[PDB]
Amino acid sequence: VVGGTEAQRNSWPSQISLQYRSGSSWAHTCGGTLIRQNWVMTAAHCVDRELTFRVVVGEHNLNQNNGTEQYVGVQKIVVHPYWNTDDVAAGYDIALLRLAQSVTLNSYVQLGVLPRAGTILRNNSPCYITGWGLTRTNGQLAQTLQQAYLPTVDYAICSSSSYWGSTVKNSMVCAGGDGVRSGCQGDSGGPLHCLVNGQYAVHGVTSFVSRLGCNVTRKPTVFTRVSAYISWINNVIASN
Ligand SMILES: [Ca+2]
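Residues numbered from 1 in each chain as written, not as in the entry; some residues may be left out. Heavy atoms only, no water. Residues with missing side-chain atoms left out of burial classes, pairs and counts.

X-ray crystallography is the method the PDB entry lists for this structure, together with a resolution of 1.7 Å.

Quick notes on the state of the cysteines
Quick note on the threshold: Any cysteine sulfur atom paired with another within 2.5 Å is treated as part of a disulfide. Numbering of helices and strands starts at the N terminus; helices are DSSP runs of H or I of at least 4 residues and strands are runs of E of at least 2. Burial classes: relative accessible area under 20% of the type maximum marks a residue as buried, over 50% as exposed, and values in between as partly exposed (1.4 Å probe, protein chains only).
One pass over the full model with this rule turns up 4 disulfides. Each sulfur in the disulfide pair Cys30 and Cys46 lies 2.0 Å from the other. In this structure the cystine formed by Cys30 and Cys46 twists about its S-S bond by roughly -90°; its chirality is therefore left-handed. Of the two residues, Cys30 sits in strand β3 (residues 25-36) while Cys46 sits in the loop between β4 (39-42) and β5 (53-57), which places them 16 residues apart along the sequence. Accessibility expressed as a relative area gives 6% for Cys46, which makes it buried.

So, the coordination of the calcium ion
Let me state the cut-off plainly: Donors, by definition, are the N, O and S atoms found within 2.8 Å of a metal, the threshold being 3.2 Å for Na, K and Ca, and water is not counted, so a site can look incomplete. By the criteria applied here, four donors are tetrahedral when all angles lie between 85 and 135 degrees, four are square planar and six octahedral when opposite donors are over 155 degrees apart and every other angle lies between 65 and 115, and any other arrangement is irregular.
Distances from the calcium ion to its protein donors, namely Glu59 (OE), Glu59 (OE), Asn61 (O), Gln64 (O), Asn66 (OD1) and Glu69 (OE), fall within the range 2.4 to 3.1 Å. Around the calcium ion sit 6 donor atoms; with metal-centred angles ranging over 45 to 171°, the donor geometry is irregular.

A short note on the pattern of salt bridges
A side chain with one charge may pair with a side chain of the opposite charge, provided their charged atoms come close. Threshold: By convention in these notes, a salt bridge is any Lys or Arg side-chain nitrogen within 4 Å of a carboxyl oxygen on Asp or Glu.
The full count for this structure, using the stated rule, is 1 salt bridge. The closest approach of N and O atoms between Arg181 and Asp178, which form a salt bridge, is 3.2 Å. In this structure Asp178 comes out as partly exposed when scored by relative accessible area, which is 38%.

Considering the UniProt feature "disulfide bond" in the protein
Put simply, the rule reads: UniProt positions are given in the numbering used here, feature names are shortened, and annotations may be inferred rather than shown by experiment.
In this structure the UniProt-annotated cystine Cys30-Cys46 is intact, with an S-S distance of 2.0 Å. Note on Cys30: relative accessible area 4%, which makes it buried. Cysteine pair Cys127 and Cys194, annotated in UniProt as disulfide-bonded: S-S separation 2.0 Å, below the 2.5 Å cut-off, and the bond is accordingly regarded as formed. Here the residue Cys127 occupies a position in strand β8 (residues 127-131), and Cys194 occupies one in strand β12 (residues 191-196), the gap between them amounting to 67 residues. As far as burial versus exposure is concerned, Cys127 and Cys194 are alike and both buried.

Side note on the environment of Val72
Stated formally: Note on contacts: a residue pair is in contact if any heavy atoms of the two residues lie within 4.5 Å.
With respect to the helices, strands and loops of the structure, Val72 is situated in strand β6 (residues 70-79). Overall, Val72 belongs to the buried group, its relative accessible area being 3%. In this structure the C-alpha to C-alpha distance between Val72 and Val103, which are 31 residues apart in sequence, comes to 7.7 Å. Aside from chain neighbours lying at most four places away, what touches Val72 is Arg54, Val55, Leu99, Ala100, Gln101 and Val103.

Section: the sheet that holds strand β11 (residues 172-175)
In plain terms, the rule: Only strands that DSSP links by at least two bridges are regarded as paired with each other.
Across the sheet, which stays open at both edges, the 8 strands sit in the order β1-β9-β8-β12-β13-β14-β11-β10 with antiparallel pairing between neighbours. In this open sheet, the two edge strands, each paired with only one partner strand, are β1 (5-6) and β10 (152-153). Across 6 bridges, β12 lies against strand β13 (residues 199-208) in antiparallel orientation. Looking at the pairing, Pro191 lines up with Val205 of β13.

Description of the packing of aromatic side chains
Our working rule: Under the pairing criterion, centres of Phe, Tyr and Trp rings, with the six-membered ring standing for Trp, must be within 6.5 Å; the plane angle then separates stacked pairs below 30 degrees from edge-to-face pairs above 60, leaving the rest tilted.
According to the stated counting rule, one finds 7 aromatic pairs in the structure shown. Look at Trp12 and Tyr200: their rings are 5.5 Å apart centre to centre, the planes differ by 85°, and that puts the pair in the edge-to-face class. Separated by 188 residues along the polypeptide, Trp12 in the loop between β1 and β2 (15-22) and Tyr200 in strand β13 bring together distant segments of the chain. For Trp12, a relative accessible area of 12% gives the class buried. Since its relative accessible area comes to 34%, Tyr200 is described here as partly exposed.

Some details on the UniProt feature "binding site: Ca(2+)" in the protein
Basically, it comes down to this: Any N or O atom pair separated by 3.5 Å or less is treated as a polar contact, with the protein-specific requirement of one donor-capable and one acceptor-capable atom, and with residues adjacent in sequence counted only for side-chain atom pairs.
Per the UniProt record, "binding site: Ca(2+)" is found at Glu59, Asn61, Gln64 and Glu69. In this fold, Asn61 is placed in the loop between β5 and β6. Once you skip the residues sitting within four places of it in the chain, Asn61 turns out to touch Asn66, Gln143 and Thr144. Within the structure, the side chain of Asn61 is placed 2.7 Å from the backbone nitrogen of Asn63, a separation counted as a polar contact. Mapped onto the elements, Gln64 comes out in the loop between β5 and β6.

Laid out in structure tokens, this is it:
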């Protein structure tokens, strides 16, 4: 997250760290949202590689013991059937991870609230992106969970020539684009928490940013619109 602030330890309990094994250690590569005690929602591009992944819930500082972490392996990876690794702009950047075991819920580990199917946020709706992603374009991962205030940019505006044009689809949510704050590598798969009727709900799954950089003016961070996949999500959980 570029231009963010350190999130309070108990602010976003549904946020998880998706890590892959590298040698005798683990490396954070993406974020995700715990949606069931044994299911995590993340971006499909986060699990394209043939890597061994693990999920960490109750995480805050990637480099120090917080005394709240739970580590669990990934049992099954269900990527959306229409996902195409070489066409992120086409959409369908979403995947569900069935965990090897069900995590314990507490102050630091909670299921993320998902919006009702079809829900679209009004322009400039209040949202926060969270994650351990790079703190600067081509920079390095944050040690502590970061959050950045990223108001939404409606589709009409986001799909205009000055912004993302045809690159953005109706199945996506745009947020930010102020040139200072944004998601960045390592935030992918993580949540976009938006305030609706007094309650924060995970409306987006971090998908992509401009190849020009992370925090680029009029190039808001783009997320898979969660409300467009409610049926898909339920279908997967019900049959897996
Ligand atoms: Ca830790």
